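Just the one chain here, the form deposited in one PDB entry, laid out as structure tokens.
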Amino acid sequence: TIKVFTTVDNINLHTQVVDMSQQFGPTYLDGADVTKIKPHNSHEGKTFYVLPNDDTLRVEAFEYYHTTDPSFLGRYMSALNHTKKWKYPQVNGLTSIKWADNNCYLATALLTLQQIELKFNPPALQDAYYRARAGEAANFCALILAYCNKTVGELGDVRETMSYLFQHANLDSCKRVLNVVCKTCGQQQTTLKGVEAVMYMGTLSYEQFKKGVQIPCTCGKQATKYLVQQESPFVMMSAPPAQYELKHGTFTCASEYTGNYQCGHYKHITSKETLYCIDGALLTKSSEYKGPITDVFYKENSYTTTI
């Protein structure tokens, strides 16, 4: 006989004596598949992830991961088997990722996540972000890939990754109020709540968003849309990549993207004592920056416009 632990969370462990001769469901050990394995007595006392196969386990996995998808732990453990072999360099006080399996977009998001103020809802994300800040970001990246339905090696979007993670963050109290003025359609005001309130695609400049941007109305003409009010701990401004000048102290972080929609390399720029650009494990300093930026992140508390 062998006495081992089964879990879905790795926080609530079920004592479950296993016989020497699967027999508990598809199971894993430290990220590795143990479906084929008969218990070695090297496993006495070890904990094994078991894909939920009961009501008690299934409600445990939901209170931790906030999802009922049975495929979640399978894609998580499969990503975790790769992410736990990644290197997480300490760059400029932040936890990064050394390049591997086209993880450039995942590293840029991870550096951004450590610089804006988010409160995650699922315990799995709360636990792993603090593990990531402690220097071991393997659980966090594996969960991010699982939540965005992506596999290791696959290419992704920084903006689209943040969008997925914002769905699992308590941004319910964040509010945005917009006014669009078309000259032949009038003046109309819109209120956005939740994730839609902190995300915009169309311009990188938070100042021009405040002063009003030109957008197509349904009349076909150019209409002016401007920010009336913003209640948020941050705002993410995005636009298709194009040359852009980042000025020190006027933003939090930024995503630089060289390439096109089919293939490109992400980089991360952050504003500290000067401009730091973090590639993977590489760091370059600069007082001025100008390059192809596609995301800029700003700090915010509460804003009301003058127009």
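What we label the rigid core is the largest C-alpha set whose atoms superpose within 1.5 Å from one form to the other. Throughout, we count residues from 1 along the sequence that is shown.
One more form of this protein exists, namely the form deposited in another entry; it is left out here, but the text below deals with it.
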If you fit the rigid core and then compare C-alpha positions between the shown form and the other one, only one of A239, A281, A32, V59 moves by 2 Å or more. Name it. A32
Look at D69 and decide if its Cα position differs by 2 Å or more between the shown form and the other one after superposing on the rigid core. no
Has the Cα of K46 moved 2 Å or more between the shown form and the other one, judged after a core fit? yes
Please say whether, between the shown form and the other one, the C-alpha of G259 moves by 2 Å or more once the core is aligned. yes
